[PDB]
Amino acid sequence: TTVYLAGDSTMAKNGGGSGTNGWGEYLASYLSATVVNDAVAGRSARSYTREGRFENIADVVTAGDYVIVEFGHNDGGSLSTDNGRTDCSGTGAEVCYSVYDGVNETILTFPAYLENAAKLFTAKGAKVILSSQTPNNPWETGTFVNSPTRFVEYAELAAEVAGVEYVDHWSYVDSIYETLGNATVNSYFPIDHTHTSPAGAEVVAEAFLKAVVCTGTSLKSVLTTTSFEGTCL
């Protein structure tokens, strides 16, 4: 069995560079399946879709395989000065137009991008798991602040609509981030408040596996152990 990872710099190998790393790099050792980390730094649901990265996964995925999709960090911004990643506002069939890189592009909503990808993978017999984005350093201000982005809910909404599984990666990460405290968590974010140090990337990975176990996600079948930190919910 093979597990494919689609995400951004918080999941990708080498994370955001400069000694940071993505959480996808710490799954292999707890799974009895091959893990392919196709996350790329700086990608949004739109950017990733347009670059044909979802297709590359669809071409190679075989029945029974797993696909984990997690975006959000790069999905915001303004289309006035299109950065190529910003999705169209809304949660449904909304459609935005914008000239990016010399092409009048048809831009969809965040849920729409995830839903289309989910359907594409389901069609190939693969098991799809949409995951909410990881949180930016909540202990950045010296005090713990829990303020999810709109993309956390949008991911849950996309899963329902597409009829696939959802894992609240956000909540499980923030949960232990709160337990770990100011000093510890802040060391996970050397450079900025998004890109985690290798030590932090591991914790974020553990958080995901804790969510899988607690919610009963199908991926638990290939878990080599169920002894992870924190408590359920």
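Numbers follow the displayed sequence, beginning with 1.
In this entry, 94 to 102 shows the higher mean Cα temperature factor of the pair 108 to 116 and 94 to 102. Stretches 23 to 31 and 199 to 207 differ in mean CA B factor, with 23 to 31 having the higher one. Take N136, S131, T143, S89 and read off each C-alpha B-factor from the entry; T143 has the highest.
When the modelled residues of the chain are ordered by C-alpha B-factor, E70 sits in the lowest third. Ranked against the other modelled residues of its chain, the C-alpha B-factor of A162 as given in the entry falls in the middle third. The deposited CA B-factor of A183 belongs to the middle third of values across its chain.
Among all modelled residues in this chain, the alpha-carbon of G52 has a temperature factor (C-alpha) in the middle third.
In the PDB entry, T62 places in the highest third of its chain by CA B-factor.
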